[PDB]
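Student:
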RNA sequence: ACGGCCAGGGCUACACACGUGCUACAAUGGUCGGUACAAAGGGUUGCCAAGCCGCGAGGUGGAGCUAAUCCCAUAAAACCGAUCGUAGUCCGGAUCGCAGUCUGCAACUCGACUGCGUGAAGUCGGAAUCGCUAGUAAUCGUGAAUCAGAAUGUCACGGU
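Residue numbers (the deposited numbering), protein chains in the order written: chain F, 3 to 176; chain s, 2 to 81; chain m, 3 to 20, 22 to 112; chain n, 3 to 100.
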């Protein structure tokens with residue numbers, strides 16, 4: 003949401019929580035890629051776009067089908083030409099982006115501990131799991147065996163480590 | 002069979018260095034002279050070693066155990 | 003959603019529930036006093052008499068929720084050094100069946 | 003063997019050594035008339051009171067030979083007797099018929 | 001001293017051929033509590049009612065305590081058996097029954113109780129050979145201890 007929860011709550015308090023001077027050193031969240039691991043069995047050229055048929059219905063956006071750099075003869079074979087998929091959703095779709103997992107659908111499958119304690123790599127940590135390509139609204143039981151992956155961390159979009167922890171969260175969900 | 006027709010376990014002679022040893026601190030292993038001998042469901046977290054004749058095994062006991070024998074810490078046939 | 007998984011037709015209504024594993028003699032009174040007729044199919048009658056035959060899916064265990072705890076209790080047996088995971092590390096019968104070799108349908112590949 | 007055929011044969015007077023406490027402690031357990039406080043009183047019975055009071059370790063054999071297999075309910079003797087008893091006439095009524 | 005014995009546990013990495021030797025070939029089609037209906041002996045430390053318990057558990061009960069008695073005492077592959085009329089699947093559950101007042105001083109991550117929500121490999125037997133000339137090639141079950149009842153390829157009668 004970009005509402006009562008966002009506009010009148012996350013904005014004014016965050017200046018003096020950190021004893022900052024002026025307004026817009028509030029961060030913002032912009033981007034993370036799919037990076038669905040296409041490079042296995044990549045010489046197919048028909049079901050890389052199964053991850054177009056995976057990504058379109060549940061996230062509402064057309065992918066870029068991104069070619070890499072190398073002819074990396076050790077990791078794979080470069081004949082399976084495009085190995086990247088990336089989409090940017092909107093600030094006017096940040097409403098349903100905050101409201102699609104960790105609001106309604108945080109159990110991707112399960113976590114036996116969601117402790118936000120065991121990663122102090124000082125880039126704004128959290129602890130939550132979303133990696134299955136099945137856990138998303140508007141999906142049937144089985145019309146595609148669309149088993150893929152989706153890789154979510156986050157880094158800093160600001161100066162230091164402390165800038166993101168109350169900013170990454172909006173509700174009281176671990 | 003082996004249901005809960007036998008609810009509790011009130012065994013007197015398998016006991017007199019177990020129930021008395023609550024007030025005493027846990028610094029020594031309670032050695033056992035059987036492959037059968039069990040103890041209370043309210044003392045949970047003691048150490049009992051599998052008794053057969055040559056050497057002892059690591060025995061790790063947590064809070065969630067209700068069912069059957071001591072035959073899992075060391076096996077029945079331990080793959081020699 | 004309708005019986006969890008998409009369902010092939012041209013077969014029986016009580017056996018549409020009695022779909023591999025918990026049922027008929029417990030649902031002996033369910034399909035007989037709800038009023039839902041066993042004598043015809045899940046579609047060709049009124050499509051309204053399934054609404055309580057669909058609510059049984061998400062009350063106890065589900066096709067998705069049986070996958071939830073299919074790894075928790077098996078994790079309780081593998082790294083605790085025990086014997087239910089000593090013939091799970093090997094792959095034998097565990098509950099004391101025909102023991103060592105030449106067993107029909109318990110070991111597999 | 004000599005220290006085997008005279009140490010488990012003495013179970014006639016040691017398994018039923020007590021023989022009066024062994025029946026006063028093993029019938030009302032099969033009765034549900036015991037109270038909820040009284041799960042323990044009937045369990046001071048027979049074990050540390052020295053534990054030759056159960057009978058899970060006795061076996062039936064022959065007398066003059068001592069063979070446990072071939073023993074039946076109609077004899078105190080075994081399978082290597084029946085061919086050599088009723089022809090010398092040691093068994094009554096064993097007659098061939100059809 | 002294998003004349004001492006309360007014995008301080010370390011005999012199945014699946015990595016195969018197989019002495020192979022009931023069971024089906026998905027269609028007589030996929031899941032029950034019903035039919036003219038088994039039913040006696042050993043039975044003075046035993047066999048253990050109609051069960052009140054039951055969908056299916058017949059521990060307190062107890063008709064039978066020396067059995068032309070009975071406890072497993074209920075039953076037989078029949079009529080036309082249902083919706084729909086010919087399937088490697090709506091016969092399919094191998095580690096995740098947890099857990100339920102019965103031997104009774106000995107069920108702290110493992111047992112009957114099959115309730116069927118699940119996790120499959122059963123498609124004319126061909127390379128060649130177990131082997132069938134008459135009551136035969138051939139698919140209805142055992143009750144009882146030295147006096148305590150899970151003794152399975154050769155089962156008291158296979159009514160063909």
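We put the CB at the ideal spot given by N, CA and C, even for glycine.
(1) Where residue 36/m and residue 16/m are concerned, what is the direct C-alpha to C-alpha distance, given to the nearest angstrom?
(2) Would residue 32/s be called buried (16 or more neighbouring beta carbons within 10 Å of its own) or exposed?
(3) At what residue ranges does the segment 76-139 of chain F contain a whole run of the beta strand (DSSP E), taking only runs of 3 or more?
(4) By the DSSP assignment, the beta strand (DSSP E) with residue 60/m in it spans what residues?
(5) In this structure, how does DSSP classify residue 66/F when only helix, strand and coil are distinguished?
(6) Check residue 18/F in the structure and name its three-state DSSP category.
(7) On the criterion of 16 or more Cβ atoms from any shown chain inside 10 Å, does residue 135/F qualify as buried, or is it exposed?
(8) Spatial neighbours of residue 141/F within its chain, please: CB distance less than 7 Å, with the 5 preceding and 5 following residues excluded, ordered by chain position.
(9) Mind pulling the alpha helix (DSSP H) runs of 4 or more residues that sit fully within the segment 63-111 of chain m?
(10) Does any C-beta atom of chain s lie closer than 8 Å to the C-beta of residue 94/m?
(11) Residue 16/F and residue 28/F - do their beta-carbons sit closer together than 8 Å?
(12) So with CB distances below 7 Å, who are the chain F contacts of residue 7/m?
(13) If you pair each beta-carbon of the segment 120-130 of chain F with each one of the segment 150-165 of chain F, do three or more pairs fall below 8 Å?
(14) Using a Cβ-Cβ cut-off of less than 7 Å, list which residues of the segment 30-47 of chain n approach chain s; keep chain order.
(15) Taking the alpha carbon of residue 9/m as the point to measure from, which residue in 26/m, 83/m and 46/m has its own alpha carbon closest?
(16) Whose Cβ in chain m lies nearer than 7 Å to the Cβ of residue 112/F?
(17) Pull up the CB-CB distance for residue 176/F and residue 116/F, whole angstroms please, since I reckon it's below 8 Å.
(18) Looking at the unbroken alpha helix (DSSP H) that takes in residue 70/s, where does it start and where does it end?
(19) With a threshold of 16 other CB atoms inside 10 Å of the CB of residue 38/n, please say whether the residue is buried or exposed.
(20) Can you give me, in chain order, the residues of the segment 13-29 of chain s that have a beta carbon less than 7 Å from any beta carbon in chain n?
(21) Using a C-beta cutoff of 8 Å, does residue 12/n count as contacting chain s?
(22) In the structure shown, what three-state DSSP assignment does residue 11/F receive?
(23) Cα separation between residue 77/F and residue 56/s?
(24) Could you tell me the distance, in whole angstroms, from the CA atom of residue 3/F to the CA atom of residue 58/m?
(25) Could you give the DSSP three-state label for residue 167/F: helix, strand or coil?
(26) Write down the C-beta distance between residue 7/n and residue 68/n rounded to the nearest angstrom, noting that I regard them as a contact closer than 8 Å.
(27) Excluding sequence positions up to five away, which residues of its chain have a Cβ less than 7 Å from the Cβ of residue 24/s?
(28) Between which two residues does the alpha helix (DSSP H) carrying residue 53/F extend?
(29) Pairs of beta-carbons, one from the segment 44-51 of chain n and one from the segment 7-26 of chain s, closer than 8 Å: are there three or more?
(30) If I follow the unbroken alpha helix (DSSP H) through residue 36/m, where does it start and stop?
(31) Chain s partners of residue 50/n, CB-CB under 7 Å?
(32) State yes or no: is the beta carbon of residue 9/s nearer than 8 Å to at least one beta carbon in chain n?
(33) Roughly how many whole angstroms lie between the Cα atoms of residue 95/n and residue 28/n?
(34) For residue 7/F, collect the residues of the same chain with a Cβ closer than 7 Å to its Cβ; drop the 5 residues on either side in sequence, then sort them by chain order.
Tutor: Taking the structure as given:
(1) Cα to Cα, the separation comes out at about 13 Å.
(2) By the 10 Å Cβ count, residue 32/s comes out exposed.
(3) 84-88
(4) Neither: residue 60/m is in no beta strand (DSSP E) and is coded neither H nor E.
(5) strand
(6) helix
(7) buried
(8) 60
(9) Annotation: the segment 63-111 of chain m contains the following complete segments of the alpha helix (DSSP H) (minimum length 4 residues), in chain order: 75-81.
(10) no
(11) yes
(12) 143
(13) With a cut-off of 8 Å on Cβ pairs, the segment 120-130 of chain F is in contact with the segment 150-165 of chain F, counting three or more such pairs.
(14) Residues passing the 7 Å Cβ filter: 41, 42, 45 and 46.
(15) 46/m
(16) 71
(17) 5 Å
(18) Per DSSP, residue 70/s belongs to no alpha helix (DSSP H) and is neither H nor E.
(19) exposed
(20) Of all residues in the segment 13-29 of chain s, 13 and 14 have a Cβ within less than 7 Å of some Cβ in chain n.
(21) no
(22) coil
(23) 49 Å
(24) 32 Å
(25) helix
(26) 7 Å
(27) Exclusion of the five residues before and after residue 24/s leaves no residue of its chain whose Cβ lies closer than 7 Å to its Cβ.
(28) Looking at the DSSP string, the run of the alpha helix (DSSP H) that includes residue 53/F is 52-61.
(29) Judged by Cβ distances under 8 Å, the segment 44-51 of chain n makes contact with the segment 7-26 of chain s, as three or more pairs qualify.
(30) 33-36
(31) 13 and 14
(32) Chain n, which has a Cβ nearer than 8 Å to the Cβ of residue 9/s, makes this yes.
(33) 39 Å
(34) Excluding residues within five positions, the ones whose Cβ falls inside 7 Å are 172.
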